[PDB]
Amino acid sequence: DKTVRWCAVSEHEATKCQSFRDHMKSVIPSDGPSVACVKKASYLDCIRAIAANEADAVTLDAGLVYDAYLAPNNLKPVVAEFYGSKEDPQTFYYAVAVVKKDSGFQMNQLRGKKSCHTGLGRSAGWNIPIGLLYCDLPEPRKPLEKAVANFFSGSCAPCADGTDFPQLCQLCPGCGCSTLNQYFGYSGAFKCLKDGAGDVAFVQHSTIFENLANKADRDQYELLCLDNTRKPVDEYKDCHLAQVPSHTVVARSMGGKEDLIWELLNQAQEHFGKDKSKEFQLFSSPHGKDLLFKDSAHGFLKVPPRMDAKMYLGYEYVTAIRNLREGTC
């Protein structure tokens, strides 16, 4: 029982959140957990708000789960999204690089091309691809933003500082950090490629399938494999850049309401999970893609007792992030 203040990032998420609240109100008893919606402009404002007791929960891509864990925020992962299916839940997804058919370049010929990223610091859209190209970048590789801006001939890196690194917002002026920026996120990064602004989009394996319904339209795209070859989009399992951890809901380490967060999400998935309700869907929305939770998620899994971000993420992934911040070739 009682309220969970969910942090919505911008307008579209705020709208889905209010629908969430209302529908949960009609199915959950008076003694059940309720939702309240707190709208912020960016995920970073959501992280600050939770730490300052202005909100209670927000779902974050795993690369951002690390930042949320750092002081003075010290948030912890409490609920994880899972993909694939209820039968065989997967707590990871594949980072891939999508390109247009016959564009004529491999992974080792990315210098000078234009890039579309889901957002600064995110797993598939930034951490994995930039981590793999780190040494191909020109010195000085610090700050990272500068070297990336000089490697590509223009990008859209949402949440980056367009004032200090204008090239990173060339494809999306402002580098807006929310769905108000049409090239934000997985589907936004794909749109950036589809529209012709960029040459490559760093997204997840399911992104193209969530955006292109005809095999004929998808046959116009390919994936860049690490062996400097290209494969069709259905072959991501044999052509991906890395496997990364699921997006996860984070909460305060003190007075965090993790029990209510789990109670709310568990009930929510039972009533409004995949193919559960015709009235409301937790994992899709007429208002946008990946609002509050990823459209590709099938449900939630509780994170084990008192697990910190580092253990949750794993040594390899946390290493990759570290080596990206300081890193020596």
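Don't overthink the numbering: it's just position in the shown sequence, from 1.
Novice: Higher average CA B factor in the deposited record is what I'm after, so tell me if that's 200 to 208 or 70 to 78.
Specialist: 70 to 78 has the higher mean C-alpha B-factor.
Novice: Which has the higher mean CA temperature factor in the PDB entry, 39 to 47 or 290 to 298?
Specialist: On average, C-alpha B-factors are higher across 39 to 47.
Novice: At the C-alpha atoms, which of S103, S246, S155, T179 reaches the highest B-factor in this entry?
Specialist: Most elevated C-alpha B-factor of the set, per the entry: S103.
Novice: Looking at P304, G273, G63, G32, which has the highest Cα B-factor in the entry?
Specialist: Top of the list by C-alpha B-factor: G32.
Novice: By its CA B factor, does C329 count among the lowest, middle or highest third of the modelled residues in the chain?
Specialist: Highest third, going by the recorded CA B-factors of the chain.
Novice: Looking at the temperature factor on the CA atom of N150, which third of the chain's modelled residues does it land in?
Specialist: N150: CA B-factor falls in the highest third of its chain.
Novice: Determine, from the deposited record, the chain-internal third of the Cα B-factor for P166: lowest, middle or highest.
Specialist: Tercile = highest for this residue's CA B-factor.
Novice: Based on the deposited C-alpha B factors for this chain, I'd like to know if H12 is in the lowest, middle or highest third.
Specialist: Within its chain, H12 is a lowest-third residue by C-alpha B-factor, going by the deposited values.
Novice: Give the position of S26 by CA B-factor within its chain, expressed as the lowest, middle or highest third.
Specialist: Tercile = highest for this residue's CA B-factor.
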